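S.K.: Sharing run.cif, mmCIF, C-alpha atoms and all ligand atoms:
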```cif
data_coords
#
loop_
_atom_site.label_atom_id
_atom_site.label_comp_id
_atom_site.auth_asym_id
_atom_site.auth_seq_id
_atom_site.Cartn_x
_atom_site.Cartn_y
_atom_site.Cartn_z
CA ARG P 81 50.22 98.09 86.41
CA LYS P 82 48.88 101.30 88.03
CA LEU P 83 50.07 103.97 90.51
CA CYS P 84 53.25 102.75 92.30
CA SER P 85 53.20 99.66 90.06
CA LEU P 86 53.59 101.78 86.99
CA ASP P 87 57.27 102.78 86.80
CA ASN P 88 57.42 103.39 90.58
CA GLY P 89 54.76 106.14 90.26
CA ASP P 90 57.43 108.26 88.52
CA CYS P 91 59.10 108.67 91.96
CA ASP P 92 62.89 108.85 92.25
CA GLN P 93 62.85 106.74 95.44
CA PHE P 94 60.00 105.72 97.78
CA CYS P 95 56.49 105.41 96.35
CA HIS P 96 53.38 104.93 98.52
CA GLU P 97 49.71 104.91 97.53
CA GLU P 98 47.45 107.13 99.68
CA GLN P 99 43.76 107.41 98.80
CA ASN P 100 44.38 105.86 95.36
CA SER P 101 47.06 108.45 94.52
CA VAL P 102 50.89 108.33 94.35
CA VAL P 103 52.87 109.94 97.17
CA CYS P 104 56.69 110.02 96.63
CA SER P 105 59.24 110.33 99.45
CA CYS P 106 63.02 110.12 99.89
CA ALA P 107 65.75 108.70 102.11
CA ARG P 108 67.32 110.76 104.88
CA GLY P 109 69.62 113.39 103.46
CA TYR P 110 67.44 114.08 100.40
CA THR P 111 64.62 116.61 100.05
CA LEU P 112 61.55 115.94 97.87
CA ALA P 113 61.70 118.33 94.90
CA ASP P 114 58.93 120.83 94.02
CA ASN P 115 57.50 118.38 91.45
CA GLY P 116 56.83 115.98 94.37
CA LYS P 117 58.72 113.18 92.56
CA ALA P 118 62.49 113.86 92.42
CA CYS P 119 64.84 113.57 95.39
CA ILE P 120 67.51 116.26 95.80
CA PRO P 121 70.67 115.68 97.87
CA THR P 122 71.03 118.10 100.78
CA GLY P 123 74.80 117.80 100.87
CA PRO P 124 77.80 116.24 99.40
CA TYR P 125 77.98 112.51 99.95
CA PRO P 126 74.24 111.74 100.07
CA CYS P 127 73.50 108.14 100.83
CA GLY P 128 73.57 105.57 98.04
CA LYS P 129 75.55 107.53 95.53
CA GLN P 130 78.81 106.26 94.11
CA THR P 131 81.57 108.85 94.61
CA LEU P 132 82.52 109.07 90.92
CA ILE H 1 84.53 87.35 96.72
CA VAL H 2 84.94 84.56 94.17
CA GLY H 3 84.72 85.82 90.59
CA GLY H 4 83.25 89.32 90.22
CA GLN H 5 85.30 92.45 89.56
CA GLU H 6 87.54 94.86 91.51
CA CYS H 7 85.66 97.85 92.98
CA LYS H 8 86.96 100.81 90.97
CA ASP H 9 87.46 104.33 92.35
CA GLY H 10 84.25 105.42 94.09
CA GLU H 11 82.10 102.35 93.16
CA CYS H 12 81.65 100.74 96.64
CA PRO H 13 82.02 103.67 99.01
CA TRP H 14 79.80 102.15 101.74
CA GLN H 15 82.12 99.20 102.32
CA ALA H 16 83.62 98.90 105.83
CA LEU H 17 86.25 96.37 106.96
CA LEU H 18 86.46 95.01 110.49
CA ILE H 19 90.12 94.50 111.38
CA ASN H 20 91.60 92.57 114.31
CA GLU H 21 94.41 93.52 116.74
CA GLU H 22 96.92 92.54 114.03
CA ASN H 23 95.00 94.88 111.70
CA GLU H 24 93.97 91.98 109.45
CA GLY H 25 90.44 92.11 107.98
CA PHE H 26 88.10 89.30 109.05
CA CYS H 27 84.62 90.61 108.16
CA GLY H 28 82.87 93.45 106.26
CA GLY H 29 80.32 96.03 107.23
CA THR H 30 78.15 98.64 105.53
CA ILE H 31 78.37 102.36 106.34
CA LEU H 32 74.92 103.64 107.39
CA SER H 33 75.78 107.12 108.66
CA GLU H 34 78.74 109.01 110.09
CA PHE H 35 78.53 107.03 113.36
CA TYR H 36 76.95 103.69 112.44
CA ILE H 37 78.08 100.51 110.71
CA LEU H 38 75.86 97.51 109.88
CA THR H 39 77.44 94.04 110.17
CA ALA H 40 76.68 90.35 110.93
CA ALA H 41 76.22 89.27 114.56
CA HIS H 42 78.41 86.19 113.89
CA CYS H 43 81.41 88.41 113.00
CA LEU H 44 81.51 89.55 116.62
CA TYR H 45 82.96 86.16 117.69
CA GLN H 46 85.84 86.19 115.22
CA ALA H 47 87.88 88.68 117.24
CA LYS H 48 88.02 89.82 120.87
CA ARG H 49 88.84 93.43 119.97
CA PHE H 50 88.36 95.06 116.59
CA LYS H 51 88.31 98.39 114.81
CA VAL H 52 86.63 99.48 111.55
CA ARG H 53 88.50 100.63 108.44
CA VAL H 54 86.79 102.69 105.72
CA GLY H 55 87.92 104.08 102.37
CA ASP H 56 90.67 101.62 101.52
CA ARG H 57 90.19 99.53 98.37
CA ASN H 58 93.71 98.19 98.66
CA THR H 59 94.87 96.89 102.06
CA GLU H 60 98.50 97.21 100.94
CA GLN H 61 98.49 100.91 100.03
CA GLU H 62 97.00 103.41 102.50
CA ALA H 67 90.81 105.85 108.15
CA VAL H 68 90.52 103.61 111.22
CA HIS H 69 87.68 104.03 113.70
CA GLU H 70 87.32 102.50 117.11
CA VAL H 71 84.01 101.06 118.15
CA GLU H 72 82.17 102.61 121.08
CA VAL H 73 79.00 100.46 121.33
CA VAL H 74 78.25 97.01 119.85
CA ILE H 75 74.52 96.43 119.38
CA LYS H 76 73.94 92.76 118.73
CA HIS H 77 70.54 91.26 118.03
CA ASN H 78 69.47 89.43 121.23
CA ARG H 79 68.03 86.57 119.17
CA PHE H 80 71.10 85.69 117.10
CA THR H 81 71.59 81.90 117.15
CA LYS H 82 74.93 80.27 116.52
CA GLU H 83 73.04 77.13 115.48
CA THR H 84 71.01 78.50 112.54
CA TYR H 85 72.56 81.99 111.96
CA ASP H 86 69.04 83.38 112.30
CA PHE H 87 68.97 87.08 113.30
CA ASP H 88 72.50 87.45 111.95
CA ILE H 89 72.77 91.27 112.43
CA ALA H 90 74.59 93.85 114.56
CA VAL H 91 74.97 97.64 114.55
CA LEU H 92 78.23 99.34 115.56
CA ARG H 93 78.34 102.92 116.91
CA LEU H 94 81.77 104.41 116.34
CA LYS H 95 83.74 106.59 118.81
CA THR H 96 84.51 109.24 116.16
CA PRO H 97 82.35 110.14 113.10
CA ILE H 98 83.27 109.06 109.61
CA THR H 99 84.33 111.82 107.23
CA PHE H 100 82.65 111.23 103.88
CA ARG H 101 84.84 111.60 100.83
CA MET H 102 85.84 109.76 97.67
CA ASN H 103 85.37 106.05 98.52
CA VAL H 104 83.60 106.82 101.79
CA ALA H 105 79.83 107.33 101.80
CA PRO H 106 76.82 105.66 103.34
CA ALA H 107 74.35 103.32 101.59
CA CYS H 108 70.70 104.29 101.89
CA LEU H 109 68.32 102.49 104.22
CA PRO H 110 65.07 102.00 102.36
CA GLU H 111 61.49 102.13 103.75
CA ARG H 112 60.34 98.57 104.39
CA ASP H 113 57.29 98.00 102.15
CA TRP H 114 58.83 99.77 99.18
CA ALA H 115 62.03 97.70 99.62
CA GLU H 116 60.02 94.52 99.60
CA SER H 117 57.93 95.42 96.55
CA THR H 118 60.54 97.35 94.54
CA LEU H 119 64.08 96.41 95.56
CA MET H 120 63.78 92.73 96.53
CA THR H 121 61.91 92.21 93.23
CA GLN H 122 64.76 93.52 91.05
CA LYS H 123 66.76 90.98 89.07
CA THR H 124 70.01 91.43 91.02
CA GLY H 125 71.85 93.07 93.90
CA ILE H 126 75.58 93.59 94.50
CA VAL H 127 77.72 91.99 97.17
CA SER H 128 81.23 93.27 98.00
CA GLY H 129 84.12 92.50 100.30
CA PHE H 130 87.77 91.69 100.93
CA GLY H 131 87.03 87.99 101.47
CA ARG H 132 88.75 85.01 99.85
CA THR H 133 88.72 84.81 96.06
CA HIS H 134 88.64 80.96 96.14
CA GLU H 135 87.19 78.64 98.84
CA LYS H 136 90.80 77.84 99.79
CA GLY H 137 92.85 81.03 99.69
CA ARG H 138 94.04 84.12 101.49
CA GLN H 139 91.91 87.25 102.09
CA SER H 140 91.80 89.61 99.09
CA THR H 141 94.03 92.69 99.29
CA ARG H 142 91.66 94.40 96.84
CA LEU H 143 87.99 95.18 97.38
CA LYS H 144 85.81 93.18 95.01
CA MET H 145 82.12 93.29 94.04
CA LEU H 146 79.81 90.86 92.29
CA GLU H 147 76.32 91.27 90.80
CA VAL H 148 74.22 88.45 92.29
CA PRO H 149 70.74 87.50 91.04
CA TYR H 150 67.99 87.32 93.63
CA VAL H 151 67.05 83.66 94.08
CA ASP H 152 63.45 82.42 94.28
CA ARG H 153 62.57 81.51 97.91
CA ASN H 154 61.39 77.97 97.07
CA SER H 155 64.37 77.21 94.80
CA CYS H 156 66.56 78.39 97.66
CA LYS H 157 65.06 76.21 100.41
CA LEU H 158 65.20 73.23 98.01
CA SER H 159 68.95 73.82 97.41
CA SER H 160 69.85 74.19 101.10
CA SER H 161 70.98 71.61 103.67
CA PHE H 162 70.09 74.08 106.45
CA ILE H 163 66.90 76.00 107.27
CA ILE H 164 66.27 79.30 105.44
CA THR H 165 64.27 81.51 107.84
CA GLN H 166 62.16 84.53 106.84
CA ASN H 167 65.09 86.64 108.18
CA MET H 168 67.24 85.38 105.27
CA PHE H 169 67.21 85.42 101.48
CA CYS H 170 69.35 83.78 98.80
CA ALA H 171 71.33 85.31 95.99
CA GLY H 172 73.85 84.07 93.53
CA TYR H 173 74.32 81.61 90.73
CA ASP H 174 73.43 77.91 90.63
CA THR H 175 76.22 76.82 88.27
CA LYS H 176 78.38 79.89 87.41
CA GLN H 177 81.28 79.97 89.90
CA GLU H 178 80.85 83.35 91.57
CA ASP H 179 79.91 83.95 95.19
CA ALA H 180 80.79 85.76 98.42
CA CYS H 181 83.21 83.73 100.55
CA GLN H 182 85.00 83.69 103.92
CA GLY H 183 85.98 87.16 105.13
CA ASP H 184 83.07 88.76 103.21
CA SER H 185 80.59 88.01 106.04
CA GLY H 186 78.95 91.11 107.55
CA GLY H 187 79.49 93.06 104.31
CA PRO H 188 77.02 94.87 102.02
CA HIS H 189 74.40 93.46 99.77
CA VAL H 190 72.97 96.56 98.04
CA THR H 191 70.33 96.94 95.31
CA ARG H 192 70.45 99.80 92.81
CA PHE H 193 67.32 101.70 92.00
CA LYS H 194 67.61 104.66 89.59
CA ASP H 195 71.33 105.14 90.36
CA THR H 196 70.83 105.05 94.14
CA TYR H 197 72.09 102.11 96.15
CA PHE H 198 70.00 100.82 99.09
CA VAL H 199 71.16 98.30 101.68
CA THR H 200 69.18 95.11 101.19
CA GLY H 201 71.25 92.38 102.84
CA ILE H 202 74.17 91.47 105.07
CA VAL H 203 76.57 88.69 103.85
CA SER H 204 75.79 85.87 106.28
CA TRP H 205 76.67 82.26 105.29
CA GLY H 206 76.96 79.64 102.56
CA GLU H 207 77.81 75.96 102.21
CA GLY H 208 81.33 76.56 100.92
CA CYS H 209 81.93 79.22 98.29
CA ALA H 210 80.58 79.05 94.77
CA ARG H 211 79.55 75.38 95.07
CA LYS H 212 77.28 74.00 92.34
CA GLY H 213 73.69 73.80 93.60
CA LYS H 214 74.35 76.26 96.44
CA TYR H 215 73.62 79.98 96.80
CA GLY H 216 74.87 82.70 99.16
CA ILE H 217 72.66 83.33 102.19
CA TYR H 218 72.08 86.87 103.35
CA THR H 219 70.43 88.57 106.30
CA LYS H 220 67.22 90.15 104.97
CA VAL H 221 67.66 93.81 105.99
CA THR H 222 63.90 94.59 105.45
CA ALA H 223 63.09 92.26 108.37
CA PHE H 224 65.19 94.56 110.63
CA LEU H 225 64.60 98.15 109.49
CA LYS H 226 62.80 99.19 112.69
CA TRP H 227 65.42 97.36 114.76
CA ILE H 228 68.20 99.28 112.88
CA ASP H 229 66.36 102.62 113.29
CA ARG H 230 65.98 101.95 117.01
CA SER H 231 69.66 100.98 117.37
CA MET H 232 70.79 104.27 115.75
CA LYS H 233 68.92 106.32 118.41
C1 LIG T 301 76.95 76.50 106.25
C2 LIG T 301 77.60 77.59 107.12
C3 LIG T 301 77.36 77.26 108.59
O1 LIG T 301 78.15 76.52 109.18
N1 LIG T 301 76.27 77.79 109.22
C4 LIG T 301 76.33 78.04 110.67
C5 LIG T 301 75.09 77.43 111.36
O2 LIG T 301 73.93 78.00 110.77
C6 LIG T 301 73.77 77.65 109.39
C7 LIG T 301 74.98 78.16 108.60
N2 LIG T 301 79.01 77.78 106.71
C8 LIG T 301 80.00 76.70 106.58
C9 LIG T 301 81.08 77.27 105.64
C10 LIG T 301 80.73 78.76 105.48
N3 LIG T 301 81.89 79.61 105.71
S1 LIG T 301 82.48 80.71 104.67
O3 LIG T 301 83.20 80.03 103.64
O4 LIG T 301 83.16 81.59 105.56
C11 LIG T 301 81.21 81.57 103.84
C12 LIG T 301 80.42 82.64 104.27
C13 LIG T 301 79.58 82.90 103.15
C14 LIG T 301 78.57 83.82 102.90
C15 LIG T 301 77.90 83.84 101.65
CL1 LIG T 301 76.62 84.99 101.39
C16 LIG T 301 78.25 82.95 100.60
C17 LIG T 301 79.27 82.01 100.83
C18 LIG T 301 79.93 81.98 102.08
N4 LIG T 301 80.95 81.18 102.57
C19 LIG T 301 79.51 78.99 106.37
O5 LIG T 301 79.06 80.08 106.71
#
```
Could you write out this file's structure as structure tokens?
Ligand SMILES: C[C@@H](C(=O)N1CCOCC1)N1CC[C@H](NS(=O)(=O)c2cc3cc(Cl)ccc3[nH]2)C1=O
M.R.:
Amino acid sequence: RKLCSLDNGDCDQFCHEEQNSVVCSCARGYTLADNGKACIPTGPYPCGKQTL
Amino acid sequence: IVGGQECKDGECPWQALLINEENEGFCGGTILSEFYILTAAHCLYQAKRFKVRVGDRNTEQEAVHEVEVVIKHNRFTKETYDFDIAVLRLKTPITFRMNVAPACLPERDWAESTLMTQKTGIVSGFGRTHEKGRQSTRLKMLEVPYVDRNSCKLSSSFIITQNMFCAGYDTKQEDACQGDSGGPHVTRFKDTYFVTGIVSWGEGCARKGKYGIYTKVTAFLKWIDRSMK
């Protein structure tokens, strides 16, 4: 296991491999955090989150 | 849903219910955005006119949205249930709140390599709780293991296309059932739930040697994206 195969490349959501390097991305309604790995909701009720 | 557990407050907020003229639920749907619902193409023949209900976990204790556009896959076949998918555009937008929120649409390759390879997904609906029974008044959910493609085709009396996948239990008596069709199959990844299937069909409900058959959402991500534009 390497890159996206190793714990999803440390990405919160989408992981792609570009030029043998991890590139993380997020679903609509999230912004990629400064660390380039976490996904931050842009509003209340972001997709895929239980409303607990 | 046969077996499984009741959806508790806020646990299945993406669930939608298609209700007939008599305001009785007959199929499920998944909330994709404020204006769009994902459902099964075959559900569109179970009522002449229908509306969509969101946010209710209990059909006995009390928002209803009318449908503006029905986008049905042109290749749906009544004979095999292949291409069993439709997108609904609502007349008024959904207000997100407790028990009302969209599921995420994943990117296709990542879904295939990371979500479809997880051990389980979750199916939910207001369908029957036994093969012979009335519709559930409570929303239920069930964790269903992804089923190996070969094991699935071997268990099935009907053709499993690449637009379908199997989930469920071989012996344990838990499955989706009538009335659950069109509803969500979601897969959790790091506390985020992504739509991965649409409840489509099964040979009975919770029959030994049979699994639930679901529309493979990854096969239709571009189609969905196009429909929402
Ligand atoms: C086998 C299938 C059927 O007739 N098909 C139509 C032609 O294409 C193949 C499937 N069928 C017969 C009983 C069953 N009806 S059902 O009880 O409403 C139902 C839907 C459904 C979905 C899932 Cl995922 C599991 C069980 C289940 N049971 C169903 O869909």
S.K.: Report, as AutoDock Vina command-line options, the centre and edge lengths in Å (one decimal) of the axis-aligned box enclosing every listed atom of ligand LIG 301 (chain T), padded by 5 Å on each side.
M.R.:
```
--center_x 78.5 --center_y 80.7 --center_z 106.0 --size_x 19.4 --size_y 18.5 --size_z 20.8
```
S.K.: With only C-alpha atoms considered, list every residue of chain H at most 12 Å from chain P, as a PyMOL selection string.
M.R.: chain H and resi 7-15+30-34+55+98-119+121+188+190-200+229
S.K.: Could you give me, as an MDAnalysis selection string, every polymer residue with an atom at most 6 Å away from an atom of ligand LIG 301 (chain T), counting only C-alpha atoms and all ligand atoms?
M.R.: chainID H and resid 82:85 162 179:182 185 203:209 216:218
S.K.: Using all atoms listed in the file, determine which residues lie at most 6 Å from stretch 123-130 of chain H, disregarding the query and same-chain residues fewer than 6 positions distant; provide the list as a PyMOL selection string.
M.R.: chain H and resi 140+143-150+184+188-191
S.K.: What is the atom CA of residue H:160-atom CA of residue H:5 distance in Å, reported with one decimal?
M.R.: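 It comes out at 26.6 Å.
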S.K.: Determine the nearest neighbour of residue H:232 from the options H:52, H:35, H:167, H:4, counting all atoms listed in the file.
M.R.: H:35
S.K.: Tell me, in Å to one decimal, how far atom CA of residue H:93 is from atom CA of residue H:77.
M.R.: 14.1 Å
S.K.: Contacts of residue P:90 at 10 Å or less, counting only C-alpha atoms, minus same-chain residues fewer than 6 places along, as a compact mmCIF listing (two decimals) with C-alpha atoms, keeping the file's coordinate frame?
M.R.:
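For reference, part-v6.txt as written:
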```
# COMPACT_ATOMS: atom_id res chain seq x y z
CA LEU P 83 50.07 103.97 90.51
CA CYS P 84 53.25 102.75 92.30
CA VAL P 102 50.89 108.33 94.35
CA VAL P 103 52.87 109.94 97.17
CA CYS P 104 56.69 110.02 96.63
CA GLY P 116 56.83 115.98 94.37
CA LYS P 117 58.72 113.18 92.56
CA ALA P 118 62.49 113.86 92.42
```
S.K.: If you measure from atom CA of residue H:1 to atom CA of residue H:223, what distance in Å do you get, rounded to one decimal?
M.R.: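 Between atom CA of residue H:1 and atom CA of residue H:223 the gap is 24.9 Å.
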S.K.: If we count only C-alpha atoms and set the cut-off at 9 Å, which residues sit around residue H:174, ignoring sequence neighbours fewer than 5 positions away in its own chain? Please answer as number ranges by chain.
M.R.: H: 210-215
S.K.: Do you know which residues are at most 8 Å from residue H:72 counting all atoms listed in the file, after dropping those on the same chain fewer than 5 positions away, and could you put them as a ChimeraX atom specification?
M.R.: /H:92-95
S.K.: Let me make sure I understand: among H:219, H:139, H:46, H:58, which one has the smallest atom-to-atom distance to residue H:164 if we use all atoms listed in the file?
M.R.: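 Nearest candidate to residue H:164 out of H:219, H:139, H:46, H:58: H:219.
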S.K.: Determine, counting all atoms listed in the file, which protein, DNA and RNA residues have an atom within 7 Å of an atom of residue H:59; residues of the same chain fewer than 3 positions away are not included. Present the result as an MDAnalysis selection string.
M.R.: chainID H and resid 56 62 141:142
S.K.: List as a list in words the residues having at least one atom at most 6 Å from position (85.9, 81.2, 98.2) as given in the file, counting only C-alpha atoms.
M.R.: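 Here is the list of nearby residues: residues 2, 132, 133, 134, 135, 181 and 209 of chain H.
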S.K.: Please complete stretch 107-121 of chain H with N, CA, C and O atoms and give it back as a PDB file, in the frame of the given file.
M.R.:
```
ATOM      1  N   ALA H 107      75.392 103.902 102.460  1.00  0.00           N
ATOM      2  CA  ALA H 107      74.350 103.320 101.590  1.00  0.00           C
ATOM      3  C   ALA H 107      73.044 103.786 102.184  1.00  0.00           C
ATOM      4  O   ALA H 107      72.973 104.083 103.376  1.00  0.00           O
ATOM      5  N   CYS H 108      71.987 103.838 101.378  1.00  0.00           N
ATOM      6  CA  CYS H 108      70.700 104.290 101.890  1.00  0.00           C
ATOM      7  C   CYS H 108      69.937 103.158 102.558  1.00  0.00           C
ATOM      8  O   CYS H 108      69.957 102.026 102.096  1.00  0.00           O
ATOM      9  N   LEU H 109      69.251 103.473 103.654  1.00  0.00           N
ATOM     10  CA  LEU H 109      68.320 102.490 104.220  1.00  0.00           C
ATOM     11  C   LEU H 109      66.985 102.769 103.569  1.00  0.00           C
ATOM     12  O   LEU H 109      66.529 103.900 103.576  1.00  0.00           O
ATOM     13  N   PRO H 110      66.353 101.739 102.999  1.00  0.00           N
ATOM     14  CA  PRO H 110      65.070 102.000 102.360  1.00  0.00           C
ATOM     15  C   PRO H 110      63.889 101.888 103.369  1.00  0.00           C
ATOM     16  O   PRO H 110      64.079 101.430 104.505  1.00  0.00           O
ATOM     17  N   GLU H 111      62.710 102.357 102.961  1.00  0.00           N
ATOM     18  CA  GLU H 111      61.490 102.130 103.750  1.00  0.00           C
ATOM     19  C   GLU H 111      61.101 100.696 103.484  1.00  0.00           C
ATOM     20  O   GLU H 111      61.257 100.199 102.380  1.00  0.00           O
ATOM     21  N   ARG H 112      60.580 100.017 104.498  1.00  0.00           N
ATOM     22  CA  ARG H 112      60.340  98.570 104.390  1.00  0.00           C
ATOM     23  C   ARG H 112      59.416  98.045 103.281  1.00  0.00           C
ATOM     24  O   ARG H 112      59.796  97.150 102.521  1.00  0.00           O
ATOM     25  N   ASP H 113      58.191  98.562 103.158  1.00  0.00           N
ATOM     26  CA  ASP H 113      57.290  98.000 102.150  1.00  0.00           C
ATOM     27  C   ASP H 113      57.775  98.233 100.726  1.00  0.00           C
ATOM     28  O   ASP H 113      57.669  97.383  99.872  1.00  0.00           O
ATOM     29  N   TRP H 114      58.299  99.422 100.488  1.00  0.00           N
ATOM     30  CA  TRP H 114      58.830  99.770  99.180  1.00  0.00           C
ATOM     31  C   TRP H 114      60.022  98.868  98.852  1.00  0.00           C
ATOM     32  O   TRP H 114      60.140  98.396  97.754  1.00  0.00           O
ATOM     33  N   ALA H 115      60.891  98.613  99.831  1.00  0.00           N
ATOM     34  CA  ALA H 115      62.030  97.700  99.620  1.00  0.00           C
ATOM     35  C   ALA H 115      61.537  96.340  99.196  1.00  0.00           C
ATOM     36  O   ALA H 115      62.037  95.752  98.259  1.00  0.00           O
ATOM     37  N   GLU H 116      60.529  95.827  99.903  1.00  0.00           N
ATOM     38  CA  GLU H 116      60.020  94.520  99.600  1.00  0.00           C
ATOM     39  C   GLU H 116      59.392  94.457  98.214  1.00  0.00           C
ATOM     40  O   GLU H 116      59.614  93.508  97.475  1.00  0.00           O
ATOM     41  N   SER H 117      58.621  95.474  97.850  1.00  0.00           N
ATOM     42  CA  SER H 117      57.930  95.420  96.550  1.00  0.00           C
ATOM     43  C   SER H 117      58.783  95.885  95.361  1.00  0.00           C
ATOM     44  O   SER H 117      58.566  95.436  94.214  1.00  0.00           O
ATOM     45  N   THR H 118      59.763  96.742  95.634  1.00  0.00           N
ATOM     46  CA  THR H 118      60.540  97.350  94.540  1.00  0.00           C
ATOM     47  C   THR H 118      62.002  96.962  94.477  1.00  0.00           C
ATOM     48  O   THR H 118      62.548  96.834  93.381  1.00  0.00           O
ATOM     49  N   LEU H 119      62.657  96.757  95.620  1.00  0.00           N
ATOM     50  CA  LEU H 119      64.080  96.410  95.560  1.00  0.00           C
ATOM     51  C   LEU H 119      64.292  94.894  95.531  1.00  0.00           C
ATOM     52  O   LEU H 119      65.048  94.382  94.707  1.00  0.00           O
ATOM     53  N   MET H 120      63.625  94.183  96.443  1.00  0.00           N
ATOM     54  CA  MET H 120      63.780  92.730  96.530  1.00  0.00           C
ATOM     55  C   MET H 120      63.230  92.042  95.280  1.00  0.00           C
ATOM     56  O   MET H 120      63.501  90.862  95.064  1.00  0.00           O
ATOM     57  N   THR H 121      62.462  92.773  94.476  1.00  0.00           N
ATOM     58  CA  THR H 121      61.910  92.210  93.230  1.00  0.00           C
ATOM     59  C   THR H 121      62.748  92.514  91.994  1.00  0.00           C
ATOM     60  O   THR H 121      62.395  92.115  90.875  1.00  0.00           O
TER      61      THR H 121
END
```
